[PDB]
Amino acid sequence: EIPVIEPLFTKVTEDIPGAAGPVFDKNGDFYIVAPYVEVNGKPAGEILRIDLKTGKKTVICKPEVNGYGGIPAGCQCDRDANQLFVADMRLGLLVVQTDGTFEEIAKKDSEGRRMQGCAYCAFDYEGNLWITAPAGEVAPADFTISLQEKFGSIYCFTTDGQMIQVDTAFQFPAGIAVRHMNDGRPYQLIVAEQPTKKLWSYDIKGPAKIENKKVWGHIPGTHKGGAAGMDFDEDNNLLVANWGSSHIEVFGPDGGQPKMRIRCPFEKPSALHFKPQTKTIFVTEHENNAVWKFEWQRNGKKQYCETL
C-alpha cells in the first residue's frame, strides 16, 4: 500500500479563475495564470504576479491577438532574459515580458501546419522548450480540446527558433517534464495523458529528437481528471498533480507506480512549482481557484532559468 503524507498547506492567494501556471522568475517574483477569466462572454485570460507576503494579485498581461483573447495555461522562465514562456490554449506559445508586452512565438509549425493551443511547457538544460498542446487550432479557429478525440500534440521549440511538432494523437496531453542525466544532458521526456491516467516517456536524443516512446507510469484514481502539472525534485522524483484525486503523486526516477502520495486539502490540484533553492512547493488548485504552498522532503530540481 502506497504510503501517504499529509503536510501542512498554507494559503498564498485566492480568487483566480482556473489558477494554474505557477512559476518563479530570475528575481524570485512569483506568477500564476488565470486562464478562464472572460470579458463580454469571451476568453480574456490573465497572467498575474502574486505578492507572497500579502497574496495581492497584480495583472501582468492580458494577452489578445487581433481581437481574440488568450487562455494562458502554463509557464516557464527563460535563462538568458527574465521573460516568461507561456503556453496559451488559444494563442499557442507566448513570450511574456514582466512589463506586460508579449509576442506570439509561432502561428505555424516547422512543417507549415497551423499551431495548436498549448497547455504546459518545460525547458531542458540546453534551452529547448517542450510543450503540450491539448487544444485544437489556435485562434482564429473555434476553441476545441482533445478530451475525447485524439488530436492533442507535442511540440519542441528549439534554441534555433524552430517550432517542431514531435508527436500527435494524444488524448488531452497535460503536464510535461524533462528528466536529465546527472551530467545535465537531457535524457527522458515525460508527458501526462490526462484522461487515460498514463504518463508517457521518450528518450531525448537531441533538440526536437525523441524516440523509444513507452508508457512510463500509471496515475491512480478513476475520478474525472488525472495527471495535470508535474515537476521533478532534486533526486529526479516526479511529483504529479492528480486533478480530481485530492493528491499529488510521487514517482521514483524510473516511473511505474507512485511510491508515495501527498494528500491535499482540496480535490483538484492543477499544477505545482518549487521555489528555487528551497523545499517549498507552490500548488494551484481548481476546487477553490487558489494557490497554496507546502514543504516537501528536499529541494526542487534546478530549473533552466537558474543555470548559467
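Residue indices: 1-based, along the sequence shown.
Chemist: Tell me which of 115-123 and 193-201 has the higher mean C-alpha B-factor in the deposited entry.
Modeler: Comparing 115-123 with 193-201, the higher average CA B-factor belongs to 193-201.
Chemist: Check the entry's C-alpha temperature factors for 145-153 and 164-172, then say which stretch has the higher mean.
Modeler: Mean CA B-factor is higher for 145-153.
Chemist: Name the one of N236, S110, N128, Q83 with the greatest CA B-factor according to the PDB entry.
Modeler: That would be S110, according to the entry.
Chemist: Whose C-alpha has the highest temperature factor in the PDB entry: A106, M89, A208, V95?
Modeler: Among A106, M89, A208, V95, the highest C-alpha B-factor in the entry belongs to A106.
Chemist: Once the chain's modelled residues are ordered by C-alpha B factor and cut into thirds, is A34 in the lowest, middle or highest one?
Modeler: Tercile = lowest for this residue's CA B-factor.
Chemist: Could you place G184 in the lowest, middle or highest third of its chain by Cα temperature factor, using the values in the record?
Modeler: For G184, the deposited C-alpha B-factor lands in the highest third.
Chemist: By its CA B factor, does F232 count among the lowest, middle or highest third of the modelled residues in the chain?
Modeler: Lowest third - that is where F232 ends up once the chain's C-alpha B-factors are sorted.
Chemist: Could you look up the Cα B-factor of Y68 in the entry and say which third of the chain it sits in: lowest, middle or highest?
Modeler: Bottom third by C-alpha B-factor.
Chemist: Where does the C-alpha B-factor of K42 rank in its chain, lowest, middle or highest third?
Modeler: Lowest third - that is where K42 ends up once the chain's C-alpha B-factors are sorted.
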